[PDB]
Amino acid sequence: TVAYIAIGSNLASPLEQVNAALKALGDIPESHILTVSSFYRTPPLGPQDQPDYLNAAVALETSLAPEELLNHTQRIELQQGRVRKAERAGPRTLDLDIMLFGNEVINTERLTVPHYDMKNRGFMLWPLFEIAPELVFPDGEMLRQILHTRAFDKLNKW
């Protein structure tokens, strides 16, 4: 299955954090990376009172079940110092969010797929479009269409 994972970091050298995360993602059992987006420098959502993010996206081919992939992404976060979860955000070393998992629609205590807010976030959609320009969402909407019918502005490269 192809999982699309959003990567963000705005603490402790985001470029090192993202490169470390890429290496770790490739080492997840029963998985290998297919594609990696460019790296983008984005202002934080909300409280402007924190550093800029590095944002990226990757496509991961995996035979793991969705929650198994989640367990691994959460362990990579922890190994890279990310401890606060489901709280108001302050600067974080790493955030790995599962944007899409195949064409699956998941609404559990642990996992909401497609990511609940991705269609509102250029920092998720533009890196995804760079690696998957022909992508269609589970509800039949095309990614290209979402990005143009609502005039999302372009991002700056890191």
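Position 1 is the first residue in the sequence shown; the rest follow in order.
Two stretches are in play, 83-91 and 69-77, and the higher mean C-alpha B-factor belongs to 83-91. Taking the mean C-alpha B-factor of each stretch as recorded, 8-16 and 144-152 are not equal, and the higher mean is that of 144-152. Comparing C-alpha B-factors across 50, 42, 35, 62 in the deposited entry, the largest value falls on 50. Highest C-alpha temperature factor among 117, 104, 30, 97 per the entry: 30. Residue-level temperature factors show residue 122 in the middle third of its chain, judged at the C-alpha atom.
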